[PDB]
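Undergrad:
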Amino acid sequence: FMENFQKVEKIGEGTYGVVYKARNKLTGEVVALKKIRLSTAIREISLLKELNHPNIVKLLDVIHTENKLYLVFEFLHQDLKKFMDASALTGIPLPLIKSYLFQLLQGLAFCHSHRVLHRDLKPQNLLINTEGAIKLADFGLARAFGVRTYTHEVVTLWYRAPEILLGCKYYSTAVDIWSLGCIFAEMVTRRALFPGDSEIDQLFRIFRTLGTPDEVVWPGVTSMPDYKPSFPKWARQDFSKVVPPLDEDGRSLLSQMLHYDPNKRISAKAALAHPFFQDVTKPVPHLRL
Ligand SMILES: O=C(O)Cc1cccc(Nc2ccncn2)c1
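And the structure:
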């Protein structure tokens, strides 16, 4: 039971607590409702209510009652994780991959221009609709929560930027570009790019593909908190082996999203101008709800 909602249904375990599909009692509208497992965060998250962009899941409300905290979002019917699983036999068509990447970059460019990072992008917080839109959920929450324990559930590391895995306590816009590059690669190949089981397995999967980073490609890397001079030194592989059959435009863009040094990583705004998007369109997905 809930005072202000009816037909409340669990839909997932999230970074911060249970996520429900719920119907507002007064209006009948269907929303996603994210009970935070437990004020500097309430004011800061409440600022996120002001943000509106077509590629960002609207934060409709912040409800603080009975010493509980709930976030109310507009509801979308499928996430990219489920869509990629449903699309595993055929693959997502390239024009739709390109459309989704373009739209996600517009959402990131918007948030970043408003000084809001995500820090934890992953297919589970990318939501799609029947009209061909994709939207990013949960921007700004990681900073407000303070990176921080809000679930006992197993955290996905697969999309974490190397700066994060090497113990850098200082985030930048580049962490979100890394995560989206990993998601791009996964849409293309139908396999996660770096499916690490632990922080060190995550870090070593990255190193085995992109080469072990050094001061030449990443000035400052050897001073990062969790950097170890004893890390094995892997040579770097070609993106042509990693994301076939992606064309050279897509591989060029992906390589710019996956530079080791966050400062060298392409921005969302610059990525939107990349030649890969010259022929972008907005196709209709085949969604089975
Ligand atoms: O909480 C998490 O970490 C991800 C997560 C998990 C489950 C649902 C969401 N969000 C939304 C938003 C809108 N329509 C549907 N689901 C996010």
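For the sequence shown, the positions run 0 to 37, 46 to 154, 157 to 298 when the deposited numbering is used. Even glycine gets a Cβ: it sits at the ideal position worked out from N, Cα and C.
#1: Assign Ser106 to buried or exposed, taking buried as 16 or more other Cβ atoms, counted over all protein chains shown, within 10 Å of its Cβ.
#2: How about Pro271 and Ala170: do their beta carbons lie closer than 9 Å?
#3: Please report how far the alpha carbon of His84 lies from the alpha carbon of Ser94, in whole angstroms.
#4: So, under 8 Å CB-CB, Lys291 and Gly114 are touching, yes? Tell me the CB distance rounded to an integer number of Å.
#5: What I want to know is whether the C-beta of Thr14 ends up closer than 8 Å to one or more non-hydrogen atoms of ligand 1.
#6: Let me check you understand the geometry: is the CB of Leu83 closer than 8 Å to at least one non-hydrogen atom of ligand 2?
#7: Please report the straight-line C-alpha distance between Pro130 and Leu25, rounded to a whole angstrom.
#8: With DSSP as the reference, label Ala93 as helix, strand or coil.
#9: Does the stretch 46-57 come close enough to the stretch 7-15 that 3 or more CB-CB pairs lie under 8 Å?
#10: In angstroms, rounded to a whole number, what distance separates the CA positions of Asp210 and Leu166?
#11: Taking the alpha carbon of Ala244 as the reference point, which residue from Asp223, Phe286, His268 and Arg217 has its own alpha carbon closest?
#12: Three-state secondary structure (DSSP) at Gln85?
#13: Would you kindly report the start and end of the unbroken alpha helix (DSSP H) that includes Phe193?
#14: In chain order, what residues of the same chain lie with their CB nearer than 8 Å to the CB of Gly16, ignoring the 5 residues before and after it?
#15: Going by DSSP, what residues sit across from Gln5 in a beta bridge?
#16: Any chance you could list the beta strand (DSSP E) runs of at least 3 consecutive residues sitting entirely within the stretch 198-246, in chain order?
#17: Around the Cβ of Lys6, are there at least 16 other Cβ atoms within 10 angstroms (buried) or fewer (exposed)?
#18: Measuring alpha carbon to alpha carbon, tell me which residue in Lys178, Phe0 and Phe203 is nearest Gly190.
#19: Alpha carbons only, please: which of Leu133, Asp127, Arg274 and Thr137 is nearest the one belonging to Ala151?
#20: Under the criterion of a Cβ to heavy atom distance below 8 Å, does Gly11 qualify as lining ligand 1?
#21: List the residues that DSSP assigns as beta-bridge partners of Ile275.
#22: Under the assumption that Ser232 contacts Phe248 (Cβ atoms under 8 Å), give the Cβ distance between them as a whole number of angstroms.
#23: Would you tell me roughly how many angstroms separate the C-alpha atoms of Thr182 and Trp227, rounded to the nearest one?
#24: I'd like to know whether the C-beta atoms of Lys142 and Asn62 end up nearer to each other than 9 Å.
#25: Under three-state DSSP, which class holds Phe0?
#26: For ligand 1, is there a heavy atom less than 8 Å away from the beta-carbon of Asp235?
#27: Assign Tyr77 to one of three DSSP states: helix, strand, or coil.
TA: Answer, in terms of the structure:
#1: Counting of Cβ neighbours within 10 angstroms places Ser106 among the buried residues, the total reaching 16 or more.
#2: yes
#3: Each residue's alpha carbon lies about 16 Å from the other.
#4: With a Cβ gap of about 14 Å, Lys291 and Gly114 do not count as contacting.
#5: For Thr14, the shortest C-beta to heavy atom distance toward ligand 1 is below 8 Å.
#6: Among the ligands present in this structure, namely ligand 1, ligand 2 is not found.
#7: Each residue's Cα considered, the two are about 32 Å apart.
#8: helix
#9: no
#10: 10 Å
#11: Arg217
#12: strand
#13: Counting along the chain, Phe193 sits inside the alpha helix (DSSP H) bounded by residues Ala183 to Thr198.
#14: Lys33, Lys34, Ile35, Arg36, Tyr159 and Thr160
#15: Secondary-structure assignment with DSSP links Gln5 through a beta bridge to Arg22.
#16: The DSSP assignment places no complete run of the beta strand (DSSP E) inside the stretch 198-246 (cut-off: 3 residues).
#17: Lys6 counts as exposed, since fewer than 16 other C-beta atoms from the protein chains shown sit within 10 angstroms of its C-beta.
#18: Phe203
#19: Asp127
#20: At least one heavy atom of ligand 1 is nearer than 8 Å to the Cβ of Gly11, so yes.
#21: Looking at the DSSP assignment, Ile275 forms no beta bridge with any residue, so it has no partner.
#22: Actually they are not in contact, since the Cβ atoms of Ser232 and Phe248 sit about 28 Å apart, beyond 8 Å.
#23: 17 Å
#24: yes
#25: coil
#26: no
#27: strand
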